[PDB]
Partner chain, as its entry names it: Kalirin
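Next up: just one chain, as structure tokens, the form solved without its partner chain.
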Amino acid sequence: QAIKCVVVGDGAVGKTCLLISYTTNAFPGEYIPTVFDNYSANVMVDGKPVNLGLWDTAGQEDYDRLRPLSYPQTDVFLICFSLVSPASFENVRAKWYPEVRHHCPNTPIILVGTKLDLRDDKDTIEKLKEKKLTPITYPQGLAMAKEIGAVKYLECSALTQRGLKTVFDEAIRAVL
């Protein structure tokens, strides 16, 4: 069974790094591909082989009209936000969940918090504190998930690859 998973969220949340890390088994560092592409993974999680088509999107305001053109035939969505970006977290309820439901009202959602490795980073915490902001905690993320009716809430880091295999395993689990 061939599954289709669309990845949505704000620019710089780490969507492309997440997809390259997972499929390639490596963090793309500084040079991240700039072409918005689709990826694939042949994975079997307690069954027979499954091909997971992974679709990256152009998250910026400029693509608001063209982005939903990749949504038709989608099996599951990954709404992404930076755990070290409250602006991207508010955009879950503000932008991403209304837009996903607009075009696909019955399609399952997995809420994904990225840059998990930066949540304990002293420099990142200091920068946020100056702007009177705090990183998103697991209870905050889980509440937003339940609010936006997400099937599951998951955290990960494409840098350390921690929680990454789970994200796409649960994407398959939200389908089937």
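Residues that one form lacks are left out of the comparison. Positions refer to the first chain, counted from 1. Take the two forms, find the largest set of C-alpha atoms that superpose within 1.5 Å, and that set is the rigid core.
Same protein, other form: the form deposited with its partner chain bound, not shown, and the subject of what follows.
A.B. asks: Looking at the partner-bound form in the deposited complex, is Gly59 within 4.5 Å of its partner chain by any heavy atom?
C.D. replies: Yes, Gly59 is a contact residue.
A.B. asks: Can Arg65 be called a contact residue for its partner chain in the deposited complex at 4.5 Å between heavy atoms?
C.D. replies: Flag for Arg65 set to yes.
A.B. asks: Wondering, does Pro139 line up within 4.5 Å of its partner chain in the deposited complex on heavy atoms?
C.D. replies: Taking the distances in the deposited complex, the answer for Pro139 is no, it never comes within 4.5 Å of its partner chain.
A.B. asks: Could you confirm whether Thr107 comes within 4.5 Å of its partner chain in the deposited complex, counting heavy atoms only?
C.D. replies: The answer is no: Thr107 has no heavy atom within 4.5 Å of its partner chain.
A.B. asks: Do you see a C-alpha shift of 2 Å or more at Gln60 between the shown form and the other one, with the core held fixed?
C.D. replies: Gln60: C-alpha displaced by 2 Å or more between the shown form and the other one.
A.B. asks: Is the C-alpha displacement of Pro139 equal to or greater than 2 Å between the shown form and the other one once the rigid core has been superposed?
C.D. replies: No; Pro139 is a residue whose C-alpha shifts by less than 2 Å between the shown form and the other one when the cores are overlaid.
A.B. asks: For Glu30, does the CA position differ by 2 Å or more between the shown form and the other one when the superposition is done on the rigid core?
C.D. replies: Moves: yes, 2 Å or greater.
A.B. asks: Thinking of the 3 angstroms or more shift, are the C-alphas of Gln60 and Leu69 brought closer or pushed farther apart in the deposited complex than in this view?
C.D. replies: So the answer is closer.
A.B. asks: Having a change of 3 Å or more in the C-alpha distance between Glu30 and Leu128, I'd like to know whether it is closer or farther in the deposited complex than in the form here.
C.D. replies: Farther, not closer.
A.B. asks: Superposing on the core, what residue ranges of at least 3 consecutive positions move by 2 angstroms or more in Cα between the shown form and the other one?
C.D. replies: After core superposition, the displaced runs are 29 to 37, 58 to 62.
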